[PDB]
$ cat my_file_8.pdb   # PDB, C-alpha atoms
MODEL        1
ATOM      1  CA  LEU Q 591       1.660  -1.652  -1.717  1.00  0.00           C
ATOM      2  CA  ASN Q 592       4.319  -4.076  -0.466  1.00  0.00           C
ATOM      3  CA  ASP Q 593       3.947  -7.851  -0.183  1.00  0.00           C
ATOM      4  CA  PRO Q 594       2.315  -9.223   3.012  1.00  0.00           C
ATOM      5  CA  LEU Q 595       5.707 -10.630   4.047  1.00  0.00           C
ATOM      6  CA  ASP Q 596       7.329  -7.198   3.840  1.00  0.00           C
ATOM      7  CA  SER Q 597       7.261  -5.884   7.405  1.00  0.00           C
ATOM      8  CA  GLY Q 598       9.431  -5.403  10.454  1.00  0.00           C
ATOM      9  CA  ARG Q 599      12.850  -6.947   9.863  1.00  0.00           C
ATOM     10  CA  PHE Q 600      11.771  -8.888   6.782  1.00  0.00           C
ATOM     11  CA  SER Q 601      11.030  -8.701   3.081  1.00  0.00           C
ATOM     12  CA  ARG Q 602       9.598 -11.549   1.005  1.00  0.00           C
ATOM     13  CA  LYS Q 603      12.596 -11.125  -1.289  1.00  0.00           C
ATOM     14  CA  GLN Q 604      15.202 -11.756   1.431  1.00  0.00           C
ATOM     15  CA  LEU Q 605      13.249 -14.697   2.890  1.00  0.00           C
ATOM     16  CA  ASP Q 606      13.074 -16.252  -0.583  1.00  0.00           C
ATOM     17  CA  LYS Q 607      16.834 -15.844  -1.102  1.00  0.00           C
ATOM     18  CA  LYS Q 608      17.565 -17.521   2.225  1.00  0.00           C
ATOM     19  CA  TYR Q 609      14.881 -20.224   2.365  1.00  0.00           C
ATOM     20  CA  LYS Q 610      17.687 -22.698   1.643  1.00  0.00           C
ATOM     21  CA  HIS Q 611      18.541 -22.341   5.360  1.00  0.00           C
ATOM     22  CA  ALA Q 612      14.973 -22.917   6.585  1.00  0.00           C
ATOM     23  CA  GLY Q 613      15.863 -26.547   7.249  1.00  0.00           C
ATOM     24  CA  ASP Q 614      18.204 -25.438  10.021  1.00  0.00           C
ATOM     25  CA  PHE Q 615      15.221 -23.870  11.783  1.00  0.00           C
ATOM     26  CA  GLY Q 616      12.936 -26.906  11.888  1.00  0.00           C
ATOM     27  CA  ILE Q 617      11.299 -26.369   8.493  1.00  0.00           C
ATOM     28  CA  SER Q 618      11.762 -29.474   6.338  1.00  0.00           C
ATOM     29  CA  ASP Q 619       9.312 -28.375   3.640  1.00  0.00           C
ATOM     30  CA  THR Q 620      11.058 -28.779   0.283  1.00  0.00           C
ATOM     31  CA  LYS Q 621       8.618 -26.502  -1.525  1.00  0.00           C
ATOM     32  CA  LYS Q 622       9.250 -22.762  -1.496  1.00  0.00           C
ATOM     33  CA  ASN Q 623       5.999 -20.792  -1.594  1.00  0.00           C
ATOM     34  CA  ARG Q 624       4.171 -18.143   0.426  1.00  0.00           C
ATOM     35  CA  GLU Q 625       3.192 -20.694   3.072  1.00  0.00           C
ATOM     36  CA  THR Q 626       6.707 -22.044   3.624  1.00  0.00           C
ATOM     37  CA  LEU Q 627       8.318 -18.607   3.403  1.00  0.00           C
ATOM     38  CA  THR Q 628       5.868 -17.594   6.135  1.00  0.00           C
ATOM     39  CA  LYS Q 629       6.874 -20.603   8.226  1.00  0.00           C
ATOM     40  CA  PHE Q 630      10.509 -19.535   7.781  1.00  0.00           C
ATOM     41  CA  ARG Q 631       9.722 -15.913   8.738  1.00  0.00           C
ATOM     42  CA  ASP Q 632       7.905 -17.133  11.856  1.00  0.00           C
ATOM     43  CA  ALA Q 633      10.765 -19.496  12.755  1.00  0.00           C
ATOM     44  CA  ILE Q 634      13.305 -16.681  12.535  1.00  0.00           C
ATOM     45  CA  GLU Q 635      11.176 -14.457  14.793  1.00  0.00           C
ATOM     46  CA  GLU Q 636      10.824 -17.349  17.249  1.00  0.00           C
ATOM     47  CA  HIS Q 637      14.614 -17.705  17.301  1.00  0.00           C
ATOM     48  CA  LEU Q 638      15.122 -13.984  17.909  1.00  0.00           C
ATOM     49  CA  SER Q 639      12.415 -13.808  20.588  1.00  0.00           C
ATOM     50  CA  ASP Q 640      13.713 -16.855  22.473  1.00  0.00           C
ATOM     51  CA  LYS Q 641      14.935 -16.010  25.974  1.00  0.00           C
ATOM     52  CA  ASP Q 642      17.907 -18.322  25.389  1.00  0.00           C
ATOM     53  CA  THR Q 643      18.912 -16.428  22.243  1.00  0.00           C
ATOM     54  CA  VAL Q 644      21.502 -13.704  22.867  1.00  0.00           C
ATOM     55  CA  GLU Q 645      23.824 -11.387  20.950  1.00  0.00           C
ATOM     56  CA  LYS Q 646      27.129 -12.973  19.992  1.00  0.00           C
ATOM     57  CA  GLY Q 647      29.602 -11.669  17.458  1.00  0.00           C
ATOM     58  CA  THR Q 648      29.276 -10.297  13.959  1.00  0.00           C
ATOM     59  CA  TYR Q 649      29.391 -11.265  10.278  1.00  0.00           C
ATOM     60  CA  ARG Q 650      32.283  -8.946   9.409  1.00  0.00           C
ATOM     61  CA  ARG Q 651      31.596  -8.633   5.673  1.00  0.00           C
ATOM     62  CA  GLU Q 652      28.268  -7.034   6.595  1.00  0.00           C
ATOM     63  CA  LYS Q 653      29.623  -3.986   8.446  1.00  0.00           C
ATOM     64  CA  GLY Q 654      28.052  -3.336  11.825  1.00  0.00           C
ATOM     65  CA  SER Q 655      26.006  -6.525  11.705  1.00  0.00           C
ATOM     66  CA  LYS Q 656      25.075  -8.250  14.964  1.00  0.00           C
ATOM     67  CA  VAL Q 657      24.645 -12.007  15.227  1.00  0.00           C
ATOM     68  CA  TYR Q 658      22.125 -13.624  17.567  1.00  0.00           C
ATOM     69  CA  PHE Q 659      23.013 -17.112  18.785  1.00  0.00           C
ATOM     70  CA  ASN Q 660      21.022 -19.837  20.575  1.00  0.00           C
ATOM     71  CA  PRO Q 661      23.200 -22.441  22.408  1.00  0.00           C
ATOM     72  CA  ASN Q 662      20.390 -25.013  22.348  1.00  0.00           C
ATOM     73  CA  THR Q 663      19.668 -25.142  18.614  1.00  0.00           C
ATOM     74  CA  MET Q 664      23.147 -23.825  17.738  1.00  0.00           C
ATOM     75  CA  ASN Q 665      21.485 -21.503  15.217  1.00  0.00           C
ATOM     76  CA  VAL Q 666      22.626 -17.983  14.404  1.00  0.00           C
ATOM     77  CA  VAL Q 667      20.680 -15.201  12.737  1.00  0.00           C
ATOM     78  CA  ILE Q 668      22.539 -12.270  11.213  1.00  0.00           C
ATOM     79  CA  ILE Q 669      20.980  -8.818  11.534  1.00  0.00           C
ATOM     80  CA  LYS Q 670      22.342  -5.881   9.527  1.00  0.00           C
ATOM     81  CA  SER Q 671      23.298  -2.638  11.257  1.00  0.00           C
ATOM     82  CA  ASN Q 672      19.913  -1.236  10.190  1.00  0.00           C
ATOM     83  CA  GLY Q 673      18.141  -4.099  11.945  1.00  0.00           C
ATOM     84  CA  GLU Q 674      17.022  -5.982   8.844  1.00  0.00           C
ATOM     85  CA  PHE Q 675      17.254  -9.769   8.630  1.00  0.00           C
ATOM     86  CA  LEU Q 676      20.166 -10.950   6.458  1.00  0.00           C
ATOM     87  CA  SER Q 677      20.515 -14.704   6.897  1.00  0.00           C
ATOM     88  CA  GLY Q 678      20.939 -17.539   9.380  1.00  0.00           C
ATOM     89  CA  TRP Q 679      22.028 -21.160   9.751  1.00  0.00           C
ATOM     90  CA  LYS Q 680      23.207 -23.816  12.181  1.00  0.00           C
ATOM     91  CA  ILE Q 681      26.706 -23.593  13.671  1.00  0.00           C
ATOM     92  CA  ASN Q 682      28.700 -26.844  13.549  1.00  0.00           C
ATOM     93  CA  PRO Q 683      30.852 -27.047  16.714  1.00  0.00           C
ATOM     94  CA  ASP Q 684      33.004 -29.803  15.190  1.00  0.00           C
ATOM     95  CA  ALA Q 685      34.296 -27.654  12.326  1.00  0.00           C
ATOM     96  CA  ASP Q 686      37.046 -25.045  12.492  1.00  0.00           C
ATOM     97  CA  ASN Q 687      34.625 -22.335  11.346  1.00  0.00           C
ATOM     98  CA  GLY Q 688      32.226 -23.298  14.119  1.00  0.00           C
ATOM     99  CA  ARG Q 689      34.900 -23.318  16.798  1.00  0.00           C
ATOM    100  CA  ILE Q 690      36.298 -19.982  15.632  1.00  0.00           C
ATOM    101  CA  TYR Q 691      32.855 -18.428  16.008  1.00  0.00           C
ATOM    102  CA  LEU Q 692      32.233 -19.915  19.453  1.00  0.00           C
ATOM    103  CA  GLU Q 693      35.648 -18.768  20.685  1.00  0.00           C
ATOM    104  CA  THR Q 694      35.770 -15.335  19.034  1.00  0.00           C
ATOM    105  CA  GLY Q 695      32.323 -14.383  17.771  1.00  0.00           C
ATOM    106  CA  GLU Q 696      33.637 -14.053  14.213  1.00  0.00           C
ATOM    107  CA  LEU Q 697      31.176 -15.558  11.747  1.00  0.00           C
TER     108      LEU Q 697
ATOM    109  CA  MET J   1      25.774 -42.071   3.463  1.00  0.00           C
ATOM    110  CA  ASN J   2      27.908 -40.557   0.703  1.00  0.00           C
ATOM    111  CA  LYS J   3      30.421 -38.608   2.771  1.00  0.00           C
ATOM    112  CA  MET J   4      31.800 -36.984  -0.384  1.00  0.00           C
ATOM    113  CA  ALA J   5      28.401 -35.535  -1.338  1.00  0.00           C
ATOM    114  CA  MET J   6      29.402 -31.894  -0.846  1.00  0.00           C
ATOM    115  CA  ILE J   7      32.658 -32.377  -2.719  1.00  0.00           C
ATOM    116  CA  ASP J   8      30.855 -34.119  -5.588  1.00  0.00           C
ATOM    117  CA  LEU J   9      28.456 -31.179  -5.722  1.00  0.00           C
ATOM    118  CA  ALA J  10      31.382 -28.774  -6.045  1.00  0.00           C
ATOM    119  CA  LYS J  11      32.789 -30.818  -8.926  1.00  0.00           C
ATOM    120  CA  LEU J  12      29.441 -30.807 -10.733  1.00  0.00           C
ATOM    121  CA  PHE J  13      29.460 -27.032 -10.325  1.00  0.00           C
ATOM    122  CA  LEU J  14      32.995 -26.465 -11.601  1.00  0.00           C
ATOM    123  CA  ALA J  15      32.142 -28.546 -14.680  1.00  0.00           C
ATOM    124  CA  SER J  16      29.077 -26.329 -15.138  1.00  0.00           C
ATOM    125  CA  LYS J  17      26.745 -29.340 -15.011  1.00  0.00           C
ATOM    126  CA  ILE J  18      24.713 -27.458 -12.388  1.00  0.00           C
ATOM    127  CA  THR J  19      24.332 -23.681 -11.980  1.00  0.00           C
ATOM    128  CA  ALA J  20      25.653 -21.479  -9.184  1.00  0.00           C
ATOM    129  CA  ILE J  21      22.095 -21.164  -7.878  1.00  0.00           C
ATOM    130  CA  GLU J  22      21.556 -24.934  -7.944  1.00  0.00           C
ATOM    131  CA  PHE J  23      24.906 -25.451  -6.240  1.00  0.00           C
ATOM    132  CA  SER J  24      24.206 -22.858  -3.531  1.00  0.00           C
ATOM    133  CA  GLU J  25      20.872 -24.485  -2.692  1.00  0.00           C
ATOM    134  CA  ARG J  26      21.912 -28.145  -2.876  1.00  0.00           C
ATOM    135  CA  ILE J  27      25.020 -27.477  -0.774  1.00  0.00           C
ATOM    136  CA  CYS J  28      22.697 -26.553   2.118  1.00  0.00           C
ATOM    137  CA  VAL J  29      20.734 -29.789   1.731  1.00  0.00           C
ATOM    138  CA  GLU J  30      23.902 -31.898   1.689  1.00  0.00           C
ATOM    139  CA  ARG J  31      25.510 -30.016   4.577  1.00  0.00           C
ATOM    140  CA  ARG J  32      22.413 -30.564   6.704  1.00  0.00           C
ATOM    141  CA  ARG J  33      22.514 -34.245   5.755  1.00  0.00           C
ATOM    142  CA  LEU J  34      26.126 -34.652   6.921  1.00  0.00           C
ATOM    143  CA  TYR J  35      25.787 -32.447  10.010  1.00  0.00           C
ATOM    144  CA  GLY J  36      26.962 -34.329  13.089  1.00  0.00           C
ATOM    145  CA  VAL J  37      27.804 -37.467  11.125  1.00  0.00           C
ATOM    146  CA  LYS J  38      30.589 -39.005  13.196  1.00  0.00           C
ATOM    147  CA  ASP J  39      33.281 -40.981  11.377  1.00  0.00           C
ATOM    148  CA  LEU J  40      33.852 -38.125   8.938  1.00  0.00           C
ATOM    149  CA  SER J  41      37.280 -36.862   7.897  1.00  0.00           C
ATOM    150  CA  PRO J  42      38.012 -33.393   9.328  1.00  0.00           C
ATOM    151  CA  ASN J  43      39.561 -32.492   5.975  1.00  0.00           C
ATOM    152  CA  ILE J  44      36.288 -33.313   4.220  1.00  0.00           C
ATOM    153  CA  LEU J  45      34.209 -31.750   6.993  1.00  0.00           C
ATOM    154  CA  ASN J  46      36.001 -28.409   6.938  1.00  0.00           C
ATOM    155  CA  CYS J  47      36.195 -28.371   3.150  1.00  0.00           C
ATOM    156  CA  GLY J  48      32.410 -28.555   3.098  1.00  0.00           C
ATOM    157  CA  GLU J  49      32.041 -25.731   5.626  1.00  0.00           C
ATOM    158  CA  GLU J  50      34.192 -23.492   3.464  1.00  0.00           C
ATOM    159  CA  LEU J  51      32.196 -24.464   0.365  1.00  0.00           C
ATOM    160  CA  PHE J  52      29.036 -23.674   2.365  1.00  0.00           C
ATOM    161  CA  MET J  53      30.341 -20.217   3.296  1.00  0.00           C
ATOM    162  CA  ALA J  54      31.558 -19.531  -0.247  1.00  0.00           C
ATOM    163  CA  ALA J  55      28.043 -20.263  -1.481  1.00  0.00           C
ATOM    164  CA  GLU J  56      26.556 -17.939   1.165  1.00  0.00           C
ATOM    165  CA  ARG J  57      28.470 -15.031  -0.421  1.00  0.00           C
ATOM    166  CA  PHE J  58      27.014 -15.758  -3.871  1.00  0.00           C
ATOM    167  CA  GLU J  59      24.336 -13.426  -5.260  1.00  0.00           C
ATOM    168  CA  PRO J  60      23.129 -13.569  -8.893  1.00  0.00           C
ATOM    169  CA  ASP J  61      21.697 -10.032  -8.931  1.00  0.00           C
ATOM    170  CA  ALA J  62      23.898  -7.358 -10.514  1.00  0.00           C
ATOM    171  CA  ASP J  63      23.128  -5.090  -7.561  1.00  0.00           C
ATOM    172  CA  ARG J  64      24.736  -7.520  -5.092  1.00  0.00           C
ATOM    173  CA  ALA J  65      26.626  -6.108  -2.097  1.00  0.00           C
ATOM    174  CA  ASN J  66      30.285  -5.250  -2.685  1.00  0.00           C
ATOM    175  CA  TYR J  67      31.349  -8.236  -0.548  1.00  0.00           C
ATOM    176  CA  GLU J  68      29.146 -10.662  -2.483  1.00  0.00           C
ATOM    177  CA  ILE J  69      30.246 -12.552  -5.606  1.00  0.00           C
ATOM    178  CA  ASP J  70      28.771 -13.613  -8.950  1.00  0.00           C
ATOM    179  CA  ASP J  71      28.843 -17.137 -10.379  1.00  0.00           C
ATOM    180  CA  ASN J  72      32.263 -16.645 -11.986  1.00  0.00           C
ATOM    181  CA  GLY J  73      33.656 -15.573  -8.624  1.00  0.00           C
ATOM    182  CA  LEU J  74      32.008 -18.545  -6.929  1.00  0.00           C
ATOM    183  CA  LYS J  75      33.647 -20.860  -9.461  1.00  0.00           C
ATOM    184  CA  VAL J  76      37.058 -19.376  -8.668  1.00  0.00           C
ATOM    185  CA  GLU J  77      36.499 -19.753  -4.912  1.00  0.00           C
ATOM    186  CA  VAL J  78      35.151 -23.312  -5.086  1.00  0.00           C
ATOM    187  CA  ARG J  79      38.182 -24.416  -7.112  1.00  0.00           C
ATOM    188  CA  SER J  80      40.488 -22.632  -4.679  1.00  0.00           C
ATOM    189  CA  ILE J  81      38.772 -24.349  -1.744  1.00  0.00           C
ATOM    190  CA  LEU J  82      39.062 -27.838  -3.219  1.00  0.00           C
ATOM    191  CA  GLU J  83      42.742 -27.317  -4.015  1.00  0.00           C
ATOM    192  CA  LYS J  84      43.356 -25.984  -0.509  1.00  0.00           C
ATOM    193  CA  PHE J  85      42.040 -29.233   0.954  1.00  0.00           C
ATOM    194  CA  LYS J  86      43.632 -31.221  -1.869  1.00  0.00           C
ATOM    195  CA  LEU J  87      40.271 -32.687  -2.861  1.00  0.00           C
TER     196      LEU J  87
ENDMDL
END
$ encode --input "my_file_8.pdb" --output "structure tokens"
Amino acid sequence: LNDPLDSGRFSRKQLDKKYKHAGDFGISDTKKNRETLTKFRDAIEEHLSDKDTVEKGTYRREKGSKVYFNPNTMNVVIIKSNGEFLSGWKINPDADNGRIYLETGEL
Amino acid sequence: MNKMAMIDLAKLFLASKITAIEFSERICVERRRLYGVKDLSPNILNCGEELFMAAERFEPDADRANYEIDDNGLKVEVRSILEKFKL
């Protein structure tokens, strides 16, 4: 019987590995536990479900992945070809990596 | 605001004073801290972004994806990144 956080596009394991990015999604909690991992999971879903969030580019190393970008928060969430959540973070428009993504969709 | 924070982190990592895991987590804290901080050298800014992305590819588990790297690989990349930016 899987963990309560294992459902839909998520797994507790993946959320734990990527909690380091939770701060980019409005979660300043420094502690990493079930409660904060849940906040992170909810924040990712909120990003994906936002009407202003749209598909934009890919994370090439993860073949067939689709990235979902929000111009307001500047956050991106990477979804594997199978639909599972991979990672996410805030795009910095002032950096060459950020500009390359905005101009070409290559993350 | 220590504008060299991310670079100092990388140096602590190359000297093995902090682990790959510690580095990969702290780099996110420092990056977030310097995000949007005007009056920041582009050389230092972009160096940090590349360090940030190098860390994103790090995975300690032996079953990591073929495109992911272990701590030894992260060490090689971090050094390569600093040299690239001459930092």
$ atom_distance --input "my_file_8.pdb" --atom1 "atom CA of residue J:59" --atom2 "atom CA of residue J:82"
20.7 Å
$ closest_residue --input "my_file_8.pdb" --among "Q:665, Q:623, Q:694, Q:682" --to "chain J" --atoms "only C-alpha atoms"
Q:682
$ interface_residues --input "my_file_8.pdb" --of "chain Q" --to "chain J" --cutoff "10 Å" --atoms "only C-alpha atoms" --output "VMD selection string"
chain Q and resid 607 to 614 620 651 to 652 677 to 688 697
$ closest_residue --input "my_file_8.pdb" --among "Q:670, Q:689, Q:602, Q:631" --to "residue Q:648" --atoms "all atoms listed in the file"
Q:670
$ closest_residue --input "my_file_8.pdb" --among "J:4, J:80, J:22, J:75" --to "residue J:41" --atoms "only C-alpha atoms"
J:4
$ atom_distance --input "my_file_8.pdb" --atom1 "atom CA of residue J:86" --atom2 "atom CA of residue J:39"
19.4 Å
$ closest_residue --input "my_file_8.pdb" --among "Q:592, Q:598, Q:666, Q:673" --to "residue Q:649" --atoms "all atoms listed in the file"
Q:666
$ residues_around --input "my_file_8.pdb" --residues "residue J:58" --least-positions-apart "6" --cutoff "9 Å" --atoms "all atoms listed in the file" --output "PyMOL selection string"
chain J and resi 20-21+24+64+68-71+73-74
$ closest_residue --input "my_file_8.pdb" --among "Q:668, Q:657, Q:605, Q:644" --to "residue Q:629" --atoms "only C-alpha atoms"
Q:605
$ axis_aligned_box --input "my_file_8.pdb" --around "stretch 655-667 of chain Q" --padding-each-side "6 Å" --output "JSON"
{"center_x": 22.8, "center_y": -15.8, "center_z": 17.1, "size_x": 18.3, "size_y": 30.6, "size_z": 22.7}
$ residues_near_point --input "my_file_8.pdb" --point "(33.1, -25.0, -15.4)" --cutoff "12 Å" --atoms "only C-alpha atoms" --output "number ranges by chain"
J: 10-20, 71-76, 78-79
$ atom_distance --input "my_file_8.pdb" --atom1 "atom CA of residue J:9" --atom2 "atom CA of residue Q:627"
25.4 Å
$ closest_residue --input "my_file_8.pdb" --among "Q:595, Q:653, Q:659, Q:642" --to "residue Q:630" --atoms "all atoms listed in the file"
Q:595
$ build_atoms --input "my_file_8.pdb" --residues "stretch 643-657 of chain Q" --atoms "N, CA and C atoms" --output "PDB file, in the coordinates of the input"
ATOM      1  N   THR Q 643      18.174 -16.983  23.372  1.00  0.00           N
ATOM      2  CA  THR Q 643      18.912 -16.428  22.243  1.00  0.00           C
ATOM      3  C   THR Q 643      19.510 -15.098  22.695  1.00  0.00           C
ATOM      4  N   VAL Q 644      20.809 -14.923  22.461  1.00  0.00           N
ATOM      5  CA  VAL Q 644      21.502 -13.704  22.867  1.00  0.00           C
ATOM      6  C   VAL Q 644      22.469 -13.213  21.796  1.00  0.00           C
ATOM      7  N   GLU Q 645      22.887 -11.955  21.910  1.00  0.00           N
ATOM      8  CA  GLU Q 645      23.824 -11.387  20.950  1.00  0.00           C
ATOM      9  C   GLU Q 645      25.175 -12.069  21.090  1.00  0.00           C
ATOM     10  N   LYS Q 646      25.819 -12.346  19.963  1.00  0.00           N
ATOM     11  CA  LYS Q 646      27.129 -12.973  19.992  1.00  0.00           C
ATOM     12  C   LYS Q 646      27.867 -12.817  18.679  1.00  0.00           C
ATOM     13  N   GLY Q 647      28.797 -11.870  18.646  1.00  0.00           N
ATOM     14  CA  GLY Q 647      29.602 -11.669  17.458  1.00  0.00           C
ATOM     15  C   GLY Q 647      29.007 -10.892  16.303  1.00  0.00           C
ATOM     16  N   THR Q 648      29.677 -11.005  15.160  1.00  0.00           N
ATOM     17  CA  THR Q 648      29.276 -10.297  13.959  1.00  0.00           C
ATOM     18  C   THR Q 648      29.658 -11.081  12.707  1.00  0.00           C
ATOM     19  N   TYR Q 649      29.089 -10.673  11.577  1.00  0.00           N
ATOM     20  CA  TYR Q 649      29.391 -11.265  10.278  1.00  0.00           C
ATOM     21  C   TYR Q 649      30.137 -10.087   9.658  1.00  0.00           C
ATOM     22  N   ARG Q 650      31.454 -10.060   9.858  1.00  0.00           N
ATOM     23  CA  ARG Q 650      32.283  -8.946   9.409  1.00  0.00           C
ATOM     24  C   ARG Q 650      32.040  -8.336   8.034  1.00  0.00           C
ATOM     25  N   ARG Q 651      31.837  -9.162   7.013  1.00  0.00           N
ATOM     26  CA  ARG Q 651      31.596  -8.633   5.673  1.00  0.00           C
ATOM     27  C   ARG Q 651      30.420  -7.660   5.657  1.00  0.00           C
ATOM     28  N   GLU Q 652      29.426  -7.918   6.500  1.00  0.00           N
ATOM     29  CA  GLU Q 652      28.268  -7.034   6.595  1.00  0.00           C
ATOM     30  C   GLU Q 652      28.580  -6.094   7.764  1.00  0.00           C
ATOM     31  N   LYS Q 653      29.216  -4.970   7.446  1.00  0.00           N
ATOM     32  CA  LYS Q 653      29.623  -3.986   8.446  1.00  0.00           C
ATOM     33  C   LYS Q 653      28.581  -3.598   9.477  1.00  0.00           C
ATOM     34  N   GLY Q 654      28.952  -3.709  10.750  1.00  0.00           N
ATOM     35  CA  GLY Q 654      28.052  -3.336  11.825  1.00  0.00           C
ATOM     36  C   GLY Q 654      26.955  -4.337  12.122  1.00  0.00           C
ATOM     37  N   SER Q 655      27.015  -5.499  11.481  1.00  0.00           N
ATOM     38  CA  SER Q 655      26.006  -6.525  11.705  1.00  0.00           C
ATOM     39  C   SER Q 655      26.164  -7.145  13.092  1.00  0.00           C
ATOM     40  N   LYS Q 656      25.055  -7.603  13.658  1.00  0.00           N
ATOM     41  CA  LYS Q 656      25.075  -8.250  14.964  1.00  0.00           C
ATOM     42  C   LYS Q 656      24.459  -9.627  14.777  1.00  0.00           C
ATOM     43  N   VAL Q 657      25.113 -10.638  15.333  1.00  0.00           N
ATOM     44  CA  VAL Q 657      24.645 -12.007  15.227  1.00  0.00           C
ATOM     45  C   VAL Q 657      23.966 -12.415  16.523  1.00  0.00           C
TER      46      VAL Q 657
END
